[PDB]
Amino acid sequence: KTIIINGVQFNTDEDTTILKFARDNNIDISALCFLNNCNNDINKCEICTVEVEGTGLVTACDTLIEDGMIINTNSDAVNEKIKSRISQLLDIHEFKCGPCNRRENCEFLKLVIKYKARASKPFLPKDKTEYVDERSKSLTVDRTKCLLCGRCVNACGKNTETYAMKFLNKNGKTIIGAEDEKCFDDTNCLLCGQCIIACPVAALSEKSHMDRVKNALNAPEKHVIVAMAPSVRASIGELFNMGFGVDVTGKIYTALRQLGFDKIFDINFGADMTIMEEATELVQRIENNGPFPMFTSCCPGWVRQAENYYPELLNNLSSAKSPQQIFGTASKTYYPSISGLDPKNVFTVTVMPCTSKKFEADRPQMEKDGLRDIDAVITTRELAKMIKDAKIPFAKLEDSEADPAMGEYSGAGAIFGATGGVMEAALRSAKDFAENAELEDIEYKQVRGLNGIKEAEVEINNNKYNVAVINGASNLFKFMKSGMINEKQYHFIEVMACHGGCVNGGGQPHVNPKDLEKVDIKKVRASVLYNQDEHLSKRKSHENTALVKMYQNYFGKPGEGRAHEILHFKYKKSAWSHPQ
């Protein structure tokens, strides 16, 4: 093909869109509703408008290049059209960046500045409450910011195939929201927050727990524990202009102390706990030749997916609590026993890459003796905001260490945040347990990486077993609906709702679409975790010295007795009833 763009001739055999071709050749074309290889097919934003001679104005993001095209991306006519569209969006946008939670990384603001757009009539609603939906334990909607770009609807469809995020007709006007404008939690929504990650503006957010946290920190009698997820140490640096793939574990520990938390632990310790219990359960099911398969239960997006779409599998889920909840349980029982704290005064906070974890923490039965396992969950984004509000110079902080009693972790625990991480970690322990051995080959590279569905055959005690790693909620649907689950007997299956695993969770830093083209965010974030695993002396959960002490002195034998009583949680399908 011969293509002319802004007077420059290109000869190409590529079959692609004007936008992609332009961007591959460093020609600037703006875009808004285009993301994840799709745009908003109904009511296109047209921010990607270009001019094609003999055709007129076209949308670059969904128009294929053709031999003979002569394209202008920067004519007066083009720029006036784009400016007009942005002005029209400003007419439905509460343009008050000052207090806005996307102030520092908003795509819309950048477009407004670029084209110097202005509303025809400022959008200034007085009763914001009718634009806001805060009913969910996990998600919140602020429709005064919504551009109706459809990126959330498209991302939900692509990432989960639930289509829980929909366009709705609300009293004659178009909004996005859940089915029948219900609270997301009361629908088939997984609360995974991929819709948030896709949002260019501050219209979708996590349900804030920041006041729970501040209130607890300032309560004189509360002893506030904080523990961060595997993925936080691989990602939060992004929001402090430190770049991608930077391990900031030590800086986080320092920042948390400077924020006034009373104890600095780590959810990776909880991950090693989950493996103790789950590997023990796996070895049990083997020795009892069933039931199979066993599914992981540490992803609450997946648990909701099972609850909402596959209730028949709930009995197959591992009974071990997730690292967050298992940690939380121990923080109200074991931790008082080694500290003297009154359990009622312990307030346990996690920092997560995840919105669905907020729902998990607030499940009514996730408590014992009136004490919540977990009292608050803040996302990576929320912690970043707390750090900046406190004027803590994150990038400049010295490294400190976690408090060890519930802060040590093995390399198995460290890799939980990547797809296949739980699987690999679990196998390292299950194989040692089953064979009564200390095996040296512990790297299961077959279950790593970004393939949607990953399988491996593993040898445990001279019998062969089949494992699968399901990488993304859409791939769970593919795995089940396609009958893949019946090609062979699976014994142990990992499921993560977010593709890439938790490093790509719904509570993570937003990444602007251009950076996403430059950087494989899923692999770069995961690389930090695998690097930790490689350089840790202990690489099996059951070699965690603090964990071993905890079990020896407090819980006893994993998978039975006190451990089973306290550290496990079973989900139940509803009993048959009519009408349904």
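Counting begins at 1, following the sequence as shown. Between two forms, the rigid core is the largest collection of C-alphas that superpose within 1.5 Å.
**OP:** Taking the root mean square of C-alpha distances over all structures and residues in 7 other deposited structures of this protein, with a rigid core superposition, name the larger of 509-517 and 61-69.
**Re:** With the rigid core superposed, the C-alphas that lie farther in 7 other deposited structures of this protein are those of 61-69.
Subject >> Which of 284-292 and 380-388 lies farther from this form in 7 other deposited structures of this protein, as RMS of C-alpha positions after a rigid core fit >> reply: The stretch that sits farther from the shown form in 7 other deposited structures of this protein is 284-292.
**OP:** Could you settle it for me: does 554-562 or 18-26 have the higher average Cα B factor in the PDB entry?
**Re:** Comparing averages over the C-alpha atoms only gives 554-562.
**OP:** Between 498-506 and 429-437, name whichever shows the higher mean Cα B factor according to the PDB entry.
**Re:** Averaged over C-alpha atoms, the B-factors run higher in 429-437.
Original post:
According to the deposited entry, which of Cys298, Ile453, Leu191, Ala117 has the largest Cα B-factor?
Top reply: If I rank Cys298, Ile453, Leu191, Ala117 by C-alpha B-factor, first place goes to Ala117.
**OP:** Using the temperature factors in the entry, find which of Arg372, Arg304, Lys391, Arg363 has the highest value at its Cα atom.
**Re:** Of the options given, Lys391 has the highest CA B-factor in the PDB entry.
**OP:** Classify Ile176 as lowest, middle or highest third according to the C-alpha B-factor given in the PDB entry, relative to its own chain.
**Re:** Its C-alpha B-factor, which the entry lists for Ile176, ranks in the lowest third among residues of this chain.
**OP:** Relative to the other modelled residues of the same chain, rank the CA B-factor of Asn43 and answer lowest, middle or highest third.
**Re:** Answer is highest: the recorded C-alpha B-factor places it there.
Original post:
So where's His223 on the chain's Cα temperature factor ranking, which third?
Top reply: For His223, whose C-alpha B-factor we compare with every modelled residue in the chain, the answer is the lowest third.
**OP:** Determine, from the deposited record, the chain-internal third of the Cα B-factor for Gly250: lowest, middle or highest.
**Re:** According to the entry, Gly250 has a C-alpha B-factor in the chain's middle third.
Subject >> Assigned third (lowest, middle, highest) for the C-alpha B factor of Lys207 >> reply: Its C-alpha B-factor belongs to the lowest third of this chain's values.
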